[PDB]
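Notes follow once the structure below has been shown.
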Amino acid sequence: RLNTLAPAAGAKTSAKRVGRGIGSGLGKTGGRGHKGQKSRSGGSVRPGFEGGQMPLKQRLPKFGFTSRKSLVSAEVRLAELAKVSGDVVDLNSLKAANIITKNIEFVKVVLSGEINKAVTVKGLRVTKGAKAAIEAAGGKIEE
Amino acid sequence: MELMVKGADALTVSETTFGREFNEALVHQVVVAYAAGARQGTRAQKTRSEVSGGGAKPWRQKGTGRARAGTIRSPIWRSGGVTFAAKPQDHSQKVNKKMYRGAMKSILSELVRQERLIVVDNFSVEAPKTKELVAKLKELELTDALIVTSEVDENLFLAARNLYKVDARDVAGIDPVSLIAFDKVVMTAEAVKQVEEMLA
Amino acid sequence: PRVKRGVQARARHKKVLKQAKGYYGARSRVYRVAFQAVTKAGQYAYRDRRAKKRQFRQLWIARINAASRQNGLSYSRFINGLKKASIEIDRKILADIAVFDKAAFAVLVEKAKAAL
Amino acid sequence: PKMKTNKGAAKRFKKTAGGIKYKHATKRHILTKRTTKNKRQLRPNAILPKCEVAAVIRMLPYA
RNA sequence: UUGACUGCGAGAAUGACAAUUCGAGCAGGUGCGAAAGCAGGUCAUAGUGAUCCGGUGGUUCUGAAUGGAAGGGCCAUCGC
RNA sequence: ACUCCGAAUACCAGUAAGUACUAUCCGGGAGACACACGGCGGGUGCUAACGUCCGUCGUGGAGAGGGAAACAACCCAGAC
RNA sequence: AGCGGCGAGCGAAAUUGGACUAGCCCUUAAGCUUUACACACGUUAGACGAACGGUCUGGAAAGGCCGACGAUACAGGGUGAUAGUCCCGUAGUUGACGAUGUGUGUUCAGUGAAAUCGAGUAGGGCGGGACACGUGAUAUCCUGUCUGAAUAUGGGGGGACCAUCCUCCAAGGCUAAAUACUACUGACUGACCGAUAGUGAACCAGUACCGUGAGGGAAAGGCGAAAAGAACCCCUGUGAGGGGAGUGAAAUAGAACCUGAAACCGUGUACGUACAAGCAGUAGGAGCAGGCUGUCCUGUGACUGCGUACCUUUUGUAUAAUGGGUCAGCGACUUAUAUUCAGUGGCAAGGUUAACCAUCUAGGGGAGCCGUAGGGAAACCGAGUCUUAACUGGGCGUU
C-alpha cells in the first residue's frame, strides 16, 4: 500500500522553473521581459513608489488618533456568552472561556446570535438589543 | 462494527474508527508528512562568501582581453561557490491533530476491509527468544507483521529485534506508515480498545 | 541531491550528431555547428514538402504540354477541352500517360479537341 | 521576517468593511479662497478607488 | 441690502489617481420684491500649490494610578 | 487663428432582424510605456529626406506562403 | 503603542504561556576555594561472545539449487562476485593493581568582606549619550563640566507638571539553575558530496608556485583477487620502444596501467570529385558498390529546383552590429521568514494551538491568532452607526 498512495487531483502542482529552455515557455528572460530595473536581480520597486510623483501615502493627509481604551477593549457577541461556564458573565469568566484575552479591561456585549441560558452579566456594558435578549432568556444585567 | 477476536468472542468496535471510508488524499498527506518528519536535513554547501579566498579581484576590469572577474570563487569559476548553497533544513510538516487521527482511522478501517488487521485475544512471548516468536507467528500464519499490544513486554521486544518485518509496538507507538508498511497488523483485543480511545 | 549532467547531456548531443551524418566538416562533427545544420535541414524539409507539390505539378504540365503539342493542341486548350469533355484525369496521370502510352494520350487529345 | 507595516500608510488609510478609508486632501491650509461647498464636501472621509488599493494593501500587510 | 449664508444634497460632468466642475431639492436663519419669485458671490472660462511640521481660535473626543493639565484628535483658519 | 452658408463621414441615443461568447463587473499573474513603413487628413520642413510631430486605418513588430529581379513595413493571402 | 527629513525606516511595554528557580550578608551570611578524612559513584588496557553443508556457474562464491541451523546477535565492516552461520565485530555477559573524575558527608585554611546600612550622594544648570523614543509637551537612566539636599517627621518612582493616593528604600556587597559557544575527544546519524564535487587540501597542501612583504595559493585519486609487476629469447645503443615467451579470468588489466566518451589525428575500403561559382543543406535523382532477393536495405551522390549560419540586441540584421576556435565537464529565479491569492484536504460557526512537557512524528500544552459586526478621529454606540440643531436625507454597514 505504500506504493499505492497518491495525492488528490489538484492537490499538488509542479513549481515554475524559469530559464530551462524554449519549450517551457519560461526560457531566457524567465518572464521578466527585456531590460529595465524590474528585470534586474534585486530589481523590485518598493510598494507605494510611483516613479517619484508624490505617492498616495504622502499626498493624502494623516488623520485620527488611537485611544488607549481601544487597546484594552473587546466586543463580545451574545452567542459567545454560551461558551462561558456558569451563570455569571464577568471579565474573569470571559477570560477563562478565552472569549477575551487576559489584557482586556472593558467589554461590550453586542446583539449577535442568541442566548439560550439565564446569565447575570456583571461589570460589562450591554447593547439594548443584547440586554433584551438576556432578559428574555431570564438573565439579569447587574451594574 | 464487530471484529472476530481469536481465542475470544467478537469485539464490538466503533464504526467511526474501524468502518470509516478510506480517504486516500488524507492518508497520502499524513504519510508524506511522516516521512518528512524522519528527514534530518543536515547538509550544506559553501557560497562564494564561504569558500576559501576570493577576496582579490583576479585582474583589472579593463585591458587584459579577459572576461571581467571579481573573485576566483565566483560560482561560474571552477572551485567557486554554489550560487544557492544549501544550509541545514527542517523538513517537518504540521499535521492537524484531527487530520492525523482521521488518517489513522482511515488506515485501520482499510486494514479491516483488507483482512490485514488480525485481532488476537492476547499475544505474549514466554522467554526473550526470537525462535519462540517465530513459532508463535507461524501459528498465526504470518511472517511479516506489526504486533500491537497495550504495553510491550521486554520479552516480546527482545524476541522481535532480530526479526525483520516483525515489529512489536505499543498502542502509543503505532504510526501511520507502520500500519501501512507491515503486511499484517496483529492487535491484542485490549490494544484495540486502547486504539479506539486514542483515535477519538 | 546533486545531479551530474554527463550521461543525458551526451545523449542529446549524440542524437543531433547522428542526424548530421553526411554533412561537411564541422557540420557532422561539432555539436554547435551540427545543431544549427540539423535545424536548417528541418526547416528546408518543411518548406520543400510544400514546394515538392509545386515542382511535380510544373513537371507534369510541361510534359503534358509537350505531348499535347505533338498531337496539335496547346496545354491550355487541352485542359479546357478535357474539362468540357468532363474528363477528370489529373496532371500526374496525364503526364504518366504522355510518356508510357502515347496512343492513349492522342485519344484524350482527340476527345479534348472535339470538346473545344 | 514579519512584514513591517508602512506607518505612513497606516496613519492615512484605515481598513473598514466598506474598504480602505482616507481623509481628502486639500483641507489643511489656504482655505479662504476655497468655496464652502468645496470645503464642506471634502470634510467626510472617503473610500479609496480600486486602482489605489493594491498598493495600499501591500503597504498594510496586516490591515 | 449681506445669499460673497451654515448644514446637506437627488443627480450628473471630468479625471490613472490626487484633485476639479455643475446641481434641483431639504433643514435652519436671512435680504430684496406688492407678489410670482430671485439670491449658496461676480457673463463664463485664468487669478494657483499636495503632504509633513508648526501657529491661532473653538470643541472638550482623547490623555499612561486617580483628578486636573500638557500633548494628541476633530472643526475653523494661518504659514510655500 | 474670417463665416450669410454648409456636406460626406464620424459620434451619441433609440427601435428592430440576423450573426457572433460579445459587453460589463470582481479577483491572480504579466509584459509594455525606443516603435517602423505604407495609405488618407494635417503641422513642421523646401506640400525635401528611409526627416520630424499629431490624427486615423493597414502591415511589420510578433507573420510564414505567392507576387513586386533581389526588397520587414507595398499587392495577394493568414502556415495544426 | 510609539519613534521617524512622520521619509527610508526603527519598534516597546503592560499583560500573559513556559524553562529554571534561591536567596544571603555588612554585629560579617549563603555560597565559593582549599585541605585532608572517610565513604559511595563513575571513568581509564580489555575478555568471552551463537549458528552451514552439499551441489551448479565461475578465475574466484558470499550468487543459484537443495536441505539445515543461530538470533536479547540480520548494527557495521572485511573476505577472489552479493555472507545471520568464514573473519572482525554486534546483542549480551564480564574486567581496573594503580591512576583519575564526580557527589556526599566530616574537617581545615581562606575567601566572600565593601564593615557597620550607604553625601560630593539624590536632585539641579550647561554639553553629550542610553532608553523602541531623533528633544519633542519628554518622564526615566549614565555623566564631561559647574553645583548640591533631605536624611522615615525623610526620600525615590508611578512618561511634562501639580495635588491626592499607591508602591518602593538609592547612594555597600555576594549568589546556583534555566542561557551562549566548540578549535579539541568519543560514538552515532544523514532524501549531504563522491575527485571540475566535498575542505584550499582524499595524493607528503597552506605544500609547489607567486610576491620585498603583509599576503595569495594550486594541480595531482583508481593495474590486479593476489605482483603472480613479465625468468628467458629476439631487434636495438649492455638504450628508448617493441615482439615472442611466461603470469593472470582478462595484458587494447603491462605500471604513459578500471571504464575509456568527445574534440582532434591517422591507416584501410566503397562511392564521389580537376569547365566549376556563394550558409554546403533540402526536395528530387542517374550511376556505382555492398548486402538481401529488384514498384527492397545500406553507403556514395553526377545532375536539377529551392536556399544569405546561430545568439543577442533592435523599428529593422545575411549583415561588414554583439558573442562564440572546438570538445568534454561546471555555470544563472534559490533558501528562510512573513503577507496575500488559488488548488487540495481536515474540521466547521467555529478552526487552530505556540514555546514547552512528553514513555518524544502520539498525547498533553488554550497563552495566543483568525472567523463570528459594523460605524465613528474618538469616547462611545451597536444591526446599526457617523454626519447635523435635525435630516426629505446622505456615507459605510446589516442580509
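Proteins get letters first, then strands, A, B, ... in listed order; numbering begins at 1 in each. What's counted below: heavy atoms across the whole structure, side chains too, no hydrogens, waters or symmetry copies.
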Exercise for review: Report yes or no: is there a donor-acceptor pair, N or O only, under 3.5 Å between the side chain of A/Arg125 and the base of G/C381?
Suggested key: no
Point to revise | Sugar-phosphate, base or nothing in reach of A/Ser112, heavy atoms under 4.0 Å | key: base
Review point. Choosing from G/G198, G/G345, G/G190, which nucleotide comes nearest the side chain of B/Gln45?
Key: G/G198
Check your understanding: With a 3.5 Å cut-off and just heavy-atom distances, do the side chain of A/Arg77 and the base of G/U372 make a donor-acceptor pair?
Key -> yes
Check your understanding: Does G/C39 pair with G/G103 as Watson-Crick or G-U wobble, both distances under 3.5 angstrom?
Key -> yes
Exercise for review: Please classify the sugar of F/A72 as north or south using the torsion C1'-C2'-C3'-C4'.
Suggested key: north
Exercise for review: Ignoring hydrogens and angles, answer whether the base of G/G365 and the side-chain atoms of B/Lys97 contain a donor-acceptor pair closer than 3.5 Å.
Suggested key: yes
Revision key, fill the gap. Taking a pair to mean Watson-Crick or G-U wobble geometry with both distances below 3.5 Å, F/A20 pairs with none
Exercise for review: Report the relative orientation of the aromatic rings in D/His24 and D/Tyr22; use parallel for angles under 30°, tilted for 30 to 60°, perpendicular for over 60°.
Suggested key: perpendicular
Check your understanding: Watson-Crick or G-U wobble, both distances under 3.5 angstrom: are G/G98 and G/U44 paired?
Key -> yes
Check your understanding: G/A255 with G/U72: Watson-Crick or G-U wobble pair, both contacts under 3.5 Å?
Key -> no
Review point. Which part of the nucleic acid, if any, lies within contact of B/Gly37, taking any heavy atom under 4.0 Å across all strands shown: a base, the sugar-phosphate backbone alone, or nothing?
Key: base
Practice item. Please indicate whether G/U387 is base-paired to G/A171 in either the Watson-Crick or the G-U wobble sense, using a 3.5 Å limit on both distances. Key: no
Review point. So does D/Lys11 reach the base of G/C6 with its side chain, donor to acceptor, closer than 3.5 Å?
Key: yes
Check your understanding: E/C52, G/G366, G/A373: which one has an atom nearest the side-chain heavy atoms of D/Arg12?
Key -> E/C52
Practice item. When you get a sec, tell me which of G/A218, G/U282, E/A50 is the closest nucleotide to the side chain of C/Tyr23? Key: G/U282
Check your understanding: What does A/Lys62 touch in the nucleic acid at a heavy-atom separation under 4.0 angstrom: a base, only the sugar-phosphate, or nothing?
Key -> base
Check your understanding: Looking only at N and O atoms, is any donor in the side chain of C/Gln43 or the base of G/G281 less than 3.5 Å from an acceptor on the other one?
Key -> no
Check your understanding: Where each residue is assigned the nucleotide of RNA chain G containing its nearest heavy atom, which of A/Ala130 and C/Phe56 is assigned the position nearer the 5′ end?
Key -> C/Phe56
Review point. With both distances kept under 3.5 Å, what pairs with G/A163, Watson-Crick or G-U wobble?
Key: E/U66
